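First structure 1, then structure 2: two forms of the same chain, each alone, as structure tokens.
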Structure 1
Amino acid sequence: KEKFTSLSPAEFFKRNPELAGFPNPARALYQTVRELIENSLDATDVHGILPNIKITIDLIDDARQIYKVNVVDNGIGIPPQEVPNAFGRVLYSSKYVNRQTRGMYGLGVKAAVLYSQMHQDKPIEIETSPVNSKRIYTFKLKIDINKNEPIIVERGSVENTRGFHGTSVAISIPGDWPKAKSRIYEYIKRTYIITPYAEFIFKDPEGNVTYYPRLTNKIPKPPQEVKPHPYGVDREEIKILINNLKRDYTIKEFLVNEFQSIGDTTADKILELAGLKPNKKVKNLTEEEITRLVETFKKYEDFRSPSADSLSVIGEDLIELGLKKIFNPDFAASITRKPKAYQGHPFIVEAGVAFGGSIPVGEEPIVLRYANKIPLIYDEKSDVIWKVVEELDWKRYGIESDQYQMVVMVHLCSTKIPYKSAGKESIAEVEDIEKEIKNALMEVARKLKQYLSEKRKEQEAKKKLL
């Protein structure tokens, strides 16, 4: 006999930790480190703070292979009333607002906590002080998995006599340092290369310390919350927008006020195409009217692009700088494309190419993938970026031979990155994004083609001297 039951979100990820990027102790150790670093970065640069991040990993128990990961930052901290749910309630986040941040699910640190409880018995340790806080608040926490709620094992407070702000998080988990080492270092290095306004200190389980110095004191304009672009906004999103209204808007007012890229004239045209009365109260839209609006948004070809301003890009200068620093190529080029939209979300693709020099020889490019300023490391061959790179005919762009020295970099940034998994690491096959990654790659490949054509012309001239 079939017996029907429900799960809490915590039970769901406890039963299936592989879904959150915790399938084995090597990947788990890596995942915990990056989840904490991403939280610390979102807590600093999103708020105009030059990040100073300290990461330590200690082997606590050799026989059991338990490691303690501690990440300390100079971020905005967390209000003490929010700490228990922030670290101990699955699907709880400050990043569900429409804004480019590394975090997005309200899952990552809880998944590390669940993994922690599944395999050892020490609670997670949080110390935090909000900006201008008179106290440093401390917590020891577990998750009641059935209830999906925090258990406060311990809480305290101490006088903040040094005016410190930020957060320390320490979590004890199974790990495999030897297997995870190269990917943890690659993660931090690739973060650092595109984040020169940050400083990192990293102490590993072998007691090695690496220092990654701040190279610039200029911080990018922090991304902020924005209204959706109408292209690809769906029926449920329309309902959300309507339900959130404090005013009794007409449909016309709703269009101009709740979206980017809609003025009076665009609103009039959308209303005409969708068969909607400008003056009807939007709270009264029917199910079928909502469909018509969503379809109209989808097929409308005259929308202005989203503002480049919901997003934070790496930028052509830095992309090129970083490719040169790491690979010492004969040639490098990059492009930061103009903003597009997919499913209501502004996005930008940036692309870079490096060729020759110290880049090793192979039969395929080295592909460097980033999403919202996070370097992607695992699962590359199923990423949509890899799909696009593989499908491009490099013979069209001057790559004559089967063996060559090329690096290709792609950064996607958006108010929402569509990952294939909650562990992130790879980007899903979304058609508008796929198309724009291709256009961007084609644009830099054209700069490569020019470089290779000039080299070829020189060679041809030299050939005549023979």
Structure 2
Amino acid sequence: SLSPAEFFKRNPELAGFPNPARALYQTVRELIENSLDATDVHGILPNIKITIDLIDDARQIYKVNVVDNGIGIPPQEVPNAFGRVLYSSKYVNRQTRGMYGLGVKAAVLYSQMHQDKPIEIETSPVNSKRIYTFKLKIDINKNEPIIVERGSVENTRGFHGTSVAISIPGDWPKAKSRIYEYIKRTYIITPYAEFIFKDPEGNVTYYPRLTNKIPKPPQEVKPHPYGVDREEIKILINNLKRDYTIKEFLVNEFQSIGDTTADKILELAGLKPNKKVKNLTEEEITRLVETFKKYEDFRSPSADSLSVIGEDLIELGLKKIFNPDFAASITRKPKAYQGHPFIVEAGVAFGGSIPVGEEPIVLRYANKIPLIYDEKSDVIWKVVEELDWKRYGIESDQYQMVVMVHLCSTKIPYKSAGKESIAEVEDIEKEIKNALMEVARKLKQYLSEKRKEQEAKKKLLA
């Protein structure tokens, strides 16, 4: 079957690149998302600049440049990072930003497919004495890096971070409103970041830092047994540096297998505790996986691999951007499904400067990135539409409200490749509704108190 790189070339509309307008929007996303995971995950307040230039008017080629102050990239890792598409998606053991498996490499591939300039990289790891520079292409036939230029320059006191520029076919007039909306919505749940955006018309927007409070980062965990299939077991075995016995393999390579549990799993699966794991047959792997799926006594997938926005930042962002009369939020306790942890957070903003409409403004997030297209098909949209807001104190048919929901997990379920809608998985839908109801009860209280005070002034004051 086809490699991911070859599947993308044939089916770019399934990977976020159906046309030049979406190509331009998706490239901006990939760059900003890499810069955020290079900063806040490592304790650094993100300082990020985004520029888009029209470089060829008739052919509509645009150059996209994103600069950050993150941890940088060891020079020997650069060529593969941007110029070699992996043969598969690796098992997720830590929460990260992004929907697409190819990541920034899809923008690089699209660039080399349709025009002639190389991508431009400048990077400096923490404490580096040099900034390392590169001009690079991916070989569209071979799936390997081509180093066009490679250099370095003396660094300055305290500097670290990365600059990436990519030249692509685009369509700014079509993409414009959705690119502005992408950046706005990122800023709402990232009030500790600072952004500068210069667009192709020369317009500049400044999005200032509002706080220095950064949420606890996600941590790497070992895989949970309910999450691994036969091929993933094989990958884990082949990766071992040491000659583990099956027993040693169970306790050291997985979540929720202590000494006693391992003994039980081994008996149930008809396996020898002291047999070397590199010698496990195909039949023996099948029994292991079937034992995993049947075993009823594992701890829930650990939430150590996840990272929340937090009630305090959600509320701060909603207040500063919308200037509402009221705002409230909830970060729920962790759940789990199919061997992976998940958490839902929700928020509402009401009144004030928010526009009068007949429906709420709905904001959707997944592992800290906004979802922009395909909103009417999303489970979050369904849950919000189905709630009866009259039960929660909203009285007119016309009102001023923003609602947001964030889902985080090491396995986000999407409906269709190339659409930005979260699937209607029962366990997740139920928890999103529980969360929205928790926040809506806080609104019901606000509104009941407000109406009491208005009635009191009307009836008791001269």
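Note that the rigid core is defined as the largest set of C-alphas that superpose within 1.5 Å between two forms. Quick note, the numbers are simply positions in structure 1, starting from 1.
**Q** Tell me, which of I136, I194, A274, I377 is the one whose C-alpha shifts by at least 2 Å between the two structures, with the rigid core superposed?
**A** Single residue meeting the criterion: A274.
**Q** Would you say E436 moves its Cα by 2 Å or more between the two structures, aligning on the core?
**A** Yes.
**Q** Once the core is aligned, does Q120 move its Cα by at least 2 Å between the two structures?
**A** Superposed on the core, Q120 moves its C-alpha less than 2 Å between the two structures.
**Q** Taking the rigid core as the reference frame, tell me whether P329 has a CA displacement of 2 angstroms or more between the two structures.
**A** It does shift by 2 Å or more.
**Q** When the rigid core is overlaid, by how much has the CA of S453 moved between the two structures, in Å to one decimal?
**A** That residue's C-alpha sits 8.0 Å away in the other form.
**Q** Quote the shift of the Cα of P223 between the two structures to one decimal place in Å, the two forms being superposed on the rigid core.
**A** The alpha-carbon displacement, core-superposed, is 1.4 Å.
**Q** Please state the CA displacement of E391 between the two structures in angstrom, with both forms fitted on the core.
**A** It moves 5.6 Å at the C-alpha.
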